[PDB]
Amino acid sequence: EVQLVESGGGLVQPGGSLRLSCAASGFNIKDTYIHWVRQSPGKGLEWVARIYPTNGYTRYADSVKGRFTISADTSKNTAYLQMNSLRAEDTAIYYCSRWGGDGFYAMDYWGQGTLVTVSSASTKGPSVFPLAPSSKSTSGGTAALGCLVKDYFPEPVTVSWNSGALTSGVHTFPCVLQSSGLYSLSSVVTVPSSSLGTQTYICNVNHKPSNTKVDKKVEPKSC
């Protein structure tokens, strides 16, 4: 299958530099154009740069010209985006995509995207607290429980339940930005009341920017 995988996004200070990679597989980038496209609150979807690896021709959006460079290493079937002199408005999800693959004159594969956060604030790992089931979180023979993932920076945080085996009834809320400048989110799951105390419930929290991995077991409260 055709696959594009971006890597390299992360926190960077205003004025700083970052380098993104786009590793392709299942086709040869010498046969297509490769583009970078970003997506941000202020501009939505916004094309950044393209390169035709066979001849090295490149084009750039006016707003990044001189600050970013696109390149490609065909021997590694990989393309790159050097980003210098970064500004707050460069904060975005950065996607790489192909164009002209198999004669299709559209961007028919996109990577999962990588998040670039331009800010002077520093990394901070979250605290993970249980949302314990109780008489105040049950009705109709089902019971809600969860995990509060509080005070982290920057995005993103991922949550799974029982190493991804538990997905039915899971709601992981979008993170909120607290007035402290730190993010916070909750993930809840609804389960049979009768399973509480026989079935183990664990939220697997990963915050890669701070190398925080937490596997928190959530149980009903003692008394």
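The first residue of the sequence shown is number 1, and the count goes up from there.
Averaged over Cα atoms, the B-factor as recorded in the entry is higher for 159-167 than for the other of 159-167 and 46-54. When 31-39 is weighed against 173-181, 173-181 comes out higher, by mean CA B-factor as recorded in the entry. Residue set 146, 100, 140, 113: peak C-alpha B-factor at 100 (per PDB entry). Annotation for residue 191: CA B-factor lies in the middle third of the chain's modelled residues. The PDB entry assigns residue 129 a C-alpha temperature factor belonging to the middle third of its chain's modelled residues. In the PDB entry, residue 63 places in the middle third of its chain by CA B-factor.
Sort the chain's modelled residues by C-alpha temperature factor and residue 105 lands in the highest third, per the entry.
In the PDB entry, a CA B factor belonging to the highest third of its chain's modelled residues is recorded for residue 210.
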